[PDB]
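Just the one chain here, the form deposited in one PDB entry, laid out as structure tokens.
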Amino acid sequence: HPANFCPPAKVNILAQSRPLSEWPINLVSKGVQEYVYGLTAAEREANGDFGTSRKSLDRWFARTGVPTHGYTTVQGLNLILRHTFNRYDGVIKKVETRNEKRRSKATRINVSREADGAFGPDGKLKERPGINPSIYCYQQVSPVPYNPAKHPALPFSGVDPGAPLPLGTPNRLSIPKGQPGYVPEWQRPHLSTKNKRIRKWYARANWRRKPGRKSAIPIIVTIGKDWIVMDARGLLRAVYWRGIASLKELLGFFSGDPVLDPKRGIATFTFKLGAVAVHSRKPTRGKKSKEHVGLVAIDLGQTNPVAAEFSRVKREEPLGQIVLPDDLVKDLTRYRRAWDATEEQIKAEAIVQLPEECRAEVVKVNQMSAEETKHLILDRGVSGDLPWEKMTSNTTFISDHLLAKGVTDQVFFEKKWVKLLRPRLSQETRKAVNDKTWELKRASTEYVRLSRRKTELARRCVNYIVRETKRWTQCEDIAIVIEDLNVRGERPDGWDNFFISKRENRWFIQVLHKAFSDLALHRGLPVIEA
């Protein structure tokens, strides 16, 4: 019930003394990565006893012989080794869950056919994790507002903690024609009355005008003789949008132990325990809480990605159905074409990656579907007198023709011919297809962007659903009831249809289900999964 969640807040970095690679705090954290990511499985159990104690840290470096490059400090050296231990442990934990996926799928796969009819030899983990030089800051180096008097005096700005920060622009309509920032004469009567986030700079008009944004709210982080400054404007967006809204008061909301990503160029702050009043929860099968309560039955219909029978329920009544607006479906349809255009384009390159001998099998399982069906004719002994289009799910006419032959009489077994001679991709080639395809999906800029947009649209749909439920059902408690996707219609009579798959689905099926389940943790909205 108490708020036990801490969302992230991202912060832009202005300037650095010297690159973070040369910092001693990170440099020691690289010697705790060559060793802790290369020792055998038996060795890890031997070296896991080093913790908050002062003498315990310095004793390890005597044994492991990892050079402590001047970074002799406690309360900041534990975070150097805890995350490497967790990352080392997390990799093994990841393989255990992966094996469960194979094991669980193995039971279903054999039953479906039945009804029809990573440490290696050395002990060190293979594919060992990379060096992440993110600097894990700590409370003793808690960021503070910049002051030109005591700091390096970098030329950006100054800070008045007692006085509030300045508004973006006052009286946007009042600015003359020459000074940027006023509403033009052709755009006057189309202004929003809502409380949207007012923006000033990035419209790509003079986006390169670096003196623009810099003319700023600086806060400083200094480890030893190495310092860095960033922008509190990032903190300001979060404090305003989230509704929790003095620079010290702004820094007081967030934590003094952020993460300094060198490559990303962004620092990641974490809220305090009570800064965001959201309780991370877990899906409940039933009887979550007797506790009116607004209940939404998210049905993932084929026609519309979301469909919701709003119902007002009470302890010891349908309110109608509202699905989605035209514009949002248009955006999803816009993304449908956006996501599709990349997939076959990326998937086409997968065949290019696959060797000439290994790409040959893919041609058979796809283009030759009928060719293997031509063999199916010979094995079943069926003739051409029975047209392919004549068949439907009621395919007993084959059995009648099969009984006419009688050589093979696989009809009396335990039941629920299509799958029995249906070929499948060879395992050795399969593992080449998926991995290579994965390699490009993690190396293509477009796909990573679309994955971000996929999730943003996922929350857009759940935001619309909860907002409508709060409005249409007039309730404060939103109890979401999604359908379990662990085990999930068209009837074209042609044989080709049986080969054709993907019933206009699986675009957002996995995405809304994980997104809706995330509302239990990220927002604390109950999710009664069933």
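Take the two forms, superpose them, and find the largest set of C-alpha atoms that agree within 1.5 Å; that set is the rigid core. One rule holds for the numbers: they count along the sequence shown, beginning at 1.
What comes next is about the form deposited in another entry, which is not displayed.
The residue that stands out in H279, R128, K454, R460 is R128, the single one whose Cα moves by 2 angstroms or more between this form and the one not shown on a rigid core fit. With the core held fixed between this form and the one not shown, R237 has its Cα displaced by under 2 Å. Superposed on the core, the two forms differ at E361: its CA moves 2 Å or more between this form and the one not shown.
Comparing the forms between this form and the one not shown, the C-alpha position of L167 differs by less than 2 angstroms, with the core used for superposition. Annotation: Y202/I175 CA-CA distance shorter in that other deposited form than in the displayed model, change of at least 3 Å.
In summary, the C-alpha positions of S192 and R208 converge in that other deposited form, ending up at least 3 angstroms nearer each other than in this conformation.
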